[PDB]
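A.B. asks: output the structure for:
(one chain, ligands or ions: 1)
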Amino acid sequence: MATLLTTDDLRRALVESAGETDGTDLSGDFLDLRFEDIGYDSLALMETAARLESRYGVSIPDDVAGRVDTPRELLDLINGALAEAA
Ligand SMILES: *[PH](O)(O)OCC(C)(C)[C@H](O)C(=O)NCCC(=O)NCCSCCC(=O)CCc1ccccc1
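C.D. replies: Residues are numbered from 1 along each chain as shown. Shown next is the protein structure:
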């Protein structure tokens, strides 16, 4: 069953990939903002991705990783892939 995750869980899991006194306050919004904009490259970002992949049992496609500028689009990607996994 496709268990679509919420934006709350995503927010929290994005924090786990950094530490404590090295991150910003993910509050208000983080969906219409960029990853470069929040001090995330790719490496630390894939850690966040794998955090979710392993939990829901998914796998992120390679070409499609270059289609997410915003967390907004990343959420659609995972939500959509879940829907096709049934
Ligand atoms: P950054 O430093 O540009 O990239 C992080 C990775 C982990 C890819 C780093 O370059 C590295 O050491 N890679 C070794 C091979 C590896 O782990 N590959 C992972 C699968 S292939 C990566 C495809 C991507 O381009 C993913 C990058 C990404 C993901 C999500 C949003 C934006 C960019």
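
A.B. asks: from here on, just use CA atoms for contacts and neighbour counts.
C.D. replies: OK.

A.B. asks: against residue 13, how distant is residue 37?
C.D. replies: In this view, residue 37 and residue 13 are 18 Å apart by CA to CA, to the nearest Å.

A.B. asks: those two: which is more packed in?
C.D. replies: With neighbours defined as other CA atoms under 10 Å, residue 37 and residue 13 compare such that residue 13 has more, 16 against 10.

A.B. asks: count the neighbours of the closest residue in space to that one that isn't next to it in sequence for me.
C.D. replies: Nearest non-adjacent residue to residue 13, counting by CA to CA, 6 or more residues apart in numbering: residue 48, 6.2 Å away. Counted with other CA under 10 Å, the burial measure for residue 48 works out to 20 neighbours.

A.B. asks: with residue 44 instead?
C.D. replies: 13.

A.B. asks: repeat that for residue 85.
C.D. replies: 10.

A.B. asks: verify the stated contact: it with residue 56.
C.D. replies: No: if you go by CA atoms under 8 Å, residue 85 and residue 56 don't touch, sitting 10.6 Å apart.

A.B. asks: what's residue 3 in contact with, if anything?
C.D. replies: By CA atoms under 8 Å, 6 or more residues apart in numbering, the contact list for residue 3 reads 56, 82.
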